[PDB]
Trainee: 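Submitted below is the structure of interest, expressed as structure tokens.
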Amino acid sequence: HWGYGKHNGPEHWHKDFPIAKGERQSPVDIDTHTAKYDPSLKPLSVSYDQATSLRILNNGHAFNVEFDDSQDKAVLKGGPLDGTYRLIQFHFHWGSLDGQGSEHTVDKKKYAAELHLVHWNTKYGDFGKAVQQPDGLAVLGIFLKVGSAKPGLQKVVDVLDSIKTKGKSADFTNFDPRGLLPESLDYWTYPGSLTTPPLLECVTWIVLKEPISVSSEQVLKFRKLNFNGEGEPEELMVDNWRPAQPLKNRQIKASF
Ligand SMILES: CCN[C@H]1C[C@H](C)S(=O)(=O)c2sc(S(N)(=O)=O)cc21
Ligand SMILES: [Zn+2]
């Protein structure tokens with residue numbers, strides 16, 4: 001089934017998911033000299049003070065930190081969005097080496113990793129309904145570069161040893177996602193898709209301009225995770241990123 005290796009990787013996904021060759025696929029390269037500054041674009045409103053994290057899980061493709069989304073606790077509003085989008089989970093994509101790992105690129109520059117905070121439009125009532133709609137999800141993407149340690153990331157790094165292999169999960173309460181935000185919330189936005197199967201074209205992408213920095217030893221611990229389940233041959237979970245897709249009939253807008 002799908003993965004990131006030679007035999008089941010991104011170049012093969014269209015055989016099982018024909019929308020892989022669709023008109024609003026993600027990620028894309030953001031060319032900064034062609035993005036249009038749009039003065040109509042409102043500031044983002046990130047209200048994460050009431051976030052309740054529950055669990056961290058290795059799902060064989062990345063690891064997800066899951067949030068309670070039964071009520072409007074942690075939400076995203078404003079920017080290009082109409083309505084309220086609830087945070088349900090975040091995960092990362094990263095590389096085997098510091099010069100690759102992000103899915104979006106900026107003037108073809110690749111970063112060491114990319115954080116995706118996934119939110120769904122509450123007017124559709126549940127998550128499963130929201131992914132079937134063109135404005136169902138909003139994903140906030142943040143680039144990670146290697147430099148100084150990010151204090152707010154260390155609790156995540158410390159629990160990775162307990163979810164080394166696919167299917168493992170651990171309780172992960174009281175984690176505050178505000179510790180993962182850059183100082184500035186300036187952004188680019190465009191209409192796109194999920195970057196993994198099922199590749200549904202339901203996402204409004206909001207990619208922040210400012211990277212956060214993490215240390216070398218923090219990103220090193222991501223690279224020790226396993227794609228495989230326990231008792232199977234070890235394959236290190238690295239390079240779980242999709243390459244940039246054609247922009248086609250789309251415009252990237254900048255808030256700045
Ligand atoms: C491993 C499958 N992950 C898929 C399906 C999940 C149900 S989701 O939350 O819709 C989601 S969000 C993204 S991404 N990389 O575009 O942010 C990929 C996925
Ligand atoms: Zn992602």
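The analysis underlying the following values was restricted to heavy atoms, covering all of them including side chains, and did not include hydrogens, waters or symmetry mates. Residues take their numbers from the sequence shown, with the count starting at 1. When a ligand or atom number is given, it counts from 1 through the structure's own listing order.
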Trainee: What protein heavy atom lies closest to atom 10 (O) of ligand 1? Include the residue and the distance to one decimal.
Mentor: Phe127 CZ, 3.4 Å
Trainee: Given a threshold of 2.8 Å, state how many protein N/O/S atoms are nearer than that to the Zn ion (ligand 2).
Mentor: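 Near the Zn ion (ligand 2), the number of protein N, O or S atoms below 2.8 Å is 3.
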Trainee: Pick from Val139, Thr189, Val28: which one makes a side chain to side chain contact (heavy atoms under 4.5 Å, CB included) with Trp205?
Mentor: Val139
Trainee: Flag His91 as yes when one of its N or O atoms lies below 3.5 Å from any N or O atom of ligand 1, and as no otherwise.
Mentor: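 So ligand 1 has an N or O lying under 3.5 Å from an N or O of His91.
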Trainee: Return the OG1 to CD distance between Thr105 and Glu114, rounded to the nearest 0.5 Å.
Mentor: 9.5 Å
Trainee: What is the closest protein heavy atom to atom 16 (O) of ligand 1, and at what distance does it sit?
Mentor: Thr195 N, 3.0 Å
Trainee: In ligand 1, which numbered atoms sit nearer than 4.0 Å to a non-hydrogen atom of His116?
Mentor: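 Reading through ligand 1 atom by atom, the close ones are 14 (S), 15 (N), 17 (O).
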Trainee: Could you tell me if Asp107 and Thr32 have a donor-acceptor pair between their side chains, going purely by distance under 3.5 Å?
Mentor: yes
Trainee: Taking heavy atoms and a distance under 4.0 Å, where does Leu194 meet ligand 1: side chain, backbone, both or neither?
Mentor: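 Looking at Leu194 and ligand 1, atoms from backbone and side chain both fall under 4.0 Å.
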Trainee: Which of the numbered atoms in ligand 1 are below 4.0 angstrom from a heavy atom of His93?
Mentor: 15 (N)
Trainee: Before we go on, tell me: are the rings of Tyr4 and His93 under 6.0 Å apart, centre to centre?
Mentor: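 No; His93 has its ring centre 6.0 Å or more from that of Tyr4.
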Trainee: So, are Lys155 and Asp158 salt-bridged, with charged N and O less than 4.0 Å apart?
Mentor: no
Trainee: Would you call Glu66-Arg55 a salt bridge at under 4.0 Å N-O?
Mentor: yes
Trainee: Could you check whether any side-chain heavy atom of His119 comes within less than 4.5 Å of a side-chain heavy atom of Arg86, counting everything from C-beta outward?
Mentor: no
Trainee: So, do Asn228 and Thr165 sit near enough that their side-chain heavy atoms are less than 4.5 Å apart?
Mentor: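 Yes, their side chains come closer than 4.5 Å.
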Trainee: Which bit of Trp205 is near ligand 1, meaning a heavy atom under 4.0 Å away: side chain, backbone, both or neither?
Mentor: side chain
Trainee: List the atom of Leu199, the atom of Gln25, and the distance in Å for their closest heavy-atom pair.
Mentor: O-NE2, 3.1 Å
Trainee: Check whether any protein heavy atom sits under 4.0 Å from atom 6 (C) of ligand 1.
Mentor: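 So atom 6 (C) of ligand 1 lacks protein heavy-atom neighbours under 4.0 Å.
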Trainee: What residues form a ring pair (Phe, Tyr, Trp, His ring centres under 6.0 Å) with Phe63, not counting sequence neighbours?
Mentor: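 So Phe63 forms a ring pair (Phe, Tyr, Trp, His ring centres under 6.0 Å) with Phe92, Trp94, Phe222.
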Trainee: Is it the case that ligand 1 has an N or O less than 3.5 angstrom from some N or O of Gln89?
Mentor: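 N/O-N/O distance under 3.5 Å: yes.
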Trainee: Checking a contact table here: which protein heavy atom is nearest atom 3 (N) of ligand 1, and how many Å away?
Mentor: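 In this structure, atom 3 (N) of ligand 1 has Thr196 OG1, 3.2 Å as its nearest protein heavy atom.
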Trainee: Run the salt-bridge test on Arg223 and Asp98 with the 4.0 Å N-O cut-off and return the result as yes or no.
Mentor: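 Looking at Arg223 and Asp98, the cut-off is met.
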